[PDB]
Amino acid sequence: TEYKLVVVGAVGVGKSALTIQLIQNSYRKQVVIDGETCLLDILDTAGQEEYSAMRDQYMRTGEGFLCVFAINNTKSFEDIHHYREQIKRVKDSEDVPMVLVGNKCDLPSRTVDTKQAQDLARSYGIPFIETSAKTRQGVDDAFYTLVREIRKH
Amino acid sequence: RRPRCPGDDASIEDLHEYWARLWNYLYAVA
Amino acid sequence: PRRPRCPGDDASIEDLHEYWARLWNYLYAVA
Ligand SMILES: Nc1nc2c(ncn2[C@@H]2O[C@H](COP(=O)(O)OP(=O)(O)O)[C@@H](O)[C@H]2O)c(=O)[nH]1
Ligand SMILES: [Ca+2]
Ligand SMILES: [Ca+2]
Ligand SMILES: [Mg+2]
């Protein structure tokens, strides 16, 4: 079973870092989730967001999305609304398989507490997982829970 | 930065690997 | 279900986008 996953968010939150830790610990990896074998294709959104007809098609191919923000970056958490609206615009659907991800949870200095992001994901109706690409904590959980949400819908 | 072509004898899995590479490349250079 | 041919290094971004769409369409139907 094939799964197209797209990782979006502000620049510097660790989207690329989370992708590398998943794959190489290439943008493809075969894993087993809930006793079911999976083929994961990851779209690591590089550069900054811009208007592009073909970029939309690249995101429209995605079946699951990771809204990644940094726990030490306030703006990256404020832009979560912006990225979600973009996804629902391209996918043309209000309910899109999505997971809110708070990266850099290893850092002791935090500007976005867990409860704030816990309420946001709760209002969206999506799961929330704190991740750390530096310590590999919650990395697999974030991508695998995303596949769970796709299977849910 | 562009991923090289898989070849004429590339298997389906070799195509899936390439497609994922071309997926990120085409997005980045947009 | 024809397997698409990858355009050379002389190809443009659009040429790769086409092959990207053709390969996706091929890998989907071949599944
Ligand atoms: N401490 C810590 N640093 C991180 C983490 N993820 C990314 N970084 C740092 O953030 C910098 C840029 O991250 P990057 O993945 O390139 O950002 P993005 O691709 O735009 O999302 C890198 O130099 C990493 O050292 C993390 O989970 N923990
Ligand atoms: Ca543009
Ligand atoms: Ca551009
Ligand atoms: Mg990046």
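- Going by the header, the method for this PDB entry is X-ray crystallography, and the resolution given is 2.04 Å.

**Section: the coordination of the calcium ion (ligand 3)**
Point 1. Within the first shell, the calcium ion (ligand 3) binds the protein through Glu50 of chain A (OE), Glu50 of chain A (OE) and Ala30 of chain B (O), at distances of 2.4 to 2.7 Å.
Point 2. Of the residues examined, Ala30 of chain B reaches a relative accessible area of 30% and is grouped as partly exposed.

**Considerations on the coordination of the calcium ion (ligand 2)**
Residue and element names in this part refer to chain A.
Point 1. For the calcium ion (ligand 2), every protein donor is listed as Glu50 (OE) and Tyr51 (O), and the spread of their distances is 2.4 to 3.2 Å.
Point 2. Here the calcium ion (ligand 2) and the calcium ion (ligand 3) are spaced 4.2 Å apart, and both take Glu50 as a donor.
Point 3. The class of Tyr51 is exposed, set by a relative accessible area of 78%.

**Considerations on the site of ligand 1**
Residue and element names in this part refer to chain A.
Point 1. Around ligand 1, the structure places 14 residues, and the nearest of them are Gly12, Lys15, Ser16, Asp106 and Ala133.
Point 2. In this structure, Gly12 approaches ligand 1 through a main-chain N or O atom, which is 2.7 Å from an oxygen atom.
Point 3. Separating an oxygen atom of ligand 1 from a backbone N or O atom of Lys15 is a distance of 2.4 Å.
Point 4. Considering ligand 1 on its own, with 580 Å² of exposed area, one finds that the protein chains cover 65% of that surface.
Point 5. With 3 residues, the single largest contributor to the shell around ligand 1 is helix α1 (residues 15-23).

**Notes on the interface of chain B and chain C**
Point 1. Contacts between the two partners involve 16 residues from chain B and, on the opposite side, 16 residues from chain C.
Point 2. Summing both partners gives a buried area of about 1,400 Å² for chain B against chain C, and 71% of it is carried by carbon and sulfur.
Point 3. Taken as a group, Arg2, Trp19 and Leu26 of chain B account for 41% of the area that chain B buries against chain C, more than any other trio of residues on that side.
Point 4. Applying the counting rule to chain B against chain C returns 1 salt bridge.
Point 5. Summed over the shared surface of chain B and chain C, the number is 4 residue pairs in polar contact.
Point 6. For the side of chain B that touches chain C, the residue count by class is 12 nonpolar, 2 polar and 2 charged.

**Side note on the interface of chain B and chain A**
Point 1. On the chain A side, the residues contacting the 12 residues of chain B number 20 residues.
Point 2. Carbon and sulfur atoms supply 64% of the area buried between chain B and chain A, which totals about 1,500 Å² over both sides.
Point 3. Taken together, the connections running from chain B to chain A amount to 1 salt bridge.
Point 4. The partner of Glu13 of chain B in a salt bridge is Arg28 of chain A, and the shortest N-O contact between them spans 3.0 Å.
Point 5. Applying the counting rule to chain B against chain A returns 7 residue pairs in polar contact.
Point 6. For the side of chain B that touches chain A, the residue count by class is 7 nonpolar, 2 polar and 3 charged.

**Side note on helix α1 (residues 13-29) of chain C**
Point 1. Between its first and last C-alpha, α1 of chain C extends 24 Å over 17 residues, near the 24 Å set by a 1.5 Å rise per residue.
Point 2. Buried within α1 of chain C are the following residues: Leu16, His17, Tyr19, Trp20, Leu23, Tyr26 and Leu27 of chain C.
Point 3. As for α1 of chain C, its buried residues are in contact with α2 (53-60) of chain A together with α1 (12-28) of chain B.

**Some details on the packing of α2 of chain A against α1 of chain C**
Point 1. Contact pair α2 of chain A / α1 of chain C: the axes reach a minimum separation of 12 Å and the direction vectors enclose 25 degrees. Classified by the angle between their axes, α2 of chain A and α1 of chain C sit roughly parallel to one another. Regarding α2 of chain A and α1 of chain C, the two cross each other, and that crossing is left-handed. On α1 of chain C, the residues touching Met54, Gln57 and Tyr58 of chain A of α2 of chain A are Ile13, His17 and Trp20 of chain C.
Point 2. Its residues assigned to classes, the contact of α2 of chain A with α1 of chain C shows 4 nonpolar, 2 polar and no charged.

**Section: the pattern of salt bridges**
Residues and elements named next belong to chain A.
Point 1. Under the definition given, this model contains 8 salt bridges over all chains.
Point 2. Two residues, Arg148 and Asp34, come together in a salt bridge whose shortest N-O distance is 2.8 Å. Here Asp34 lies in the loop between β2 (28-33) and β3 (36-44) and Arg148 lies in helix α6 (residues 139-152), a separation of 114 residues in the sequence.
Point 3. Among the residues examined, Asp34 registers a relative accessible area of 46% and is labelled partly exposed.

Conventions adopted
- Residues numbered from 1 in each chain as written, not as in the entry; some residues may be left out.
- Chains lettered and ligands numbered in written order.
- Heavy atoms only, no water.
- Donors = N, O, S within 2.8 Å, 3.2 Å for Na, K, Ca; no water.
- Buried < 20%, exposed > 50% of the residue type's maximum accessible area, 1.4 Å probe, protein only.
- Near = heavy atom within 4 Å.
- Polar contact = N/O pair within 3.5 Å; in protein donor to acceptor, adjacent residues only side chain to side chain.
- Areas by Shrake-Rupley, 256 points an atom, 1.4 Å probe, with all protein chains shown as cover.
- Helix = DSSP H or I, 4+ residues; strand = E, 2+ residues; numbered from the N terminus.
- Contact = heavy atoms within 4.5 Å.
- Buried area = accessible area lost by both parts, 1.4 Å probe.
- Salt bridge = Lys/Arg side-chain N within 4 Å of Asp/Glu carboxyl O.
- Nonpolar A, V, L, I, M, F, W, Y, C, P; charged D, E, K, R; others polar.
- Expected span 1.5 Å × (residues − 1).
- Axes fitted to C-alpha atoms, helices over the stretch in contact; angles between N-to-C directions.
- Parallel < 35°, antiparallel > 145°, perpendicular 65-115°, else oblique.
- Left-handed = near helix turned anticlockwise from the far one by under 90°.

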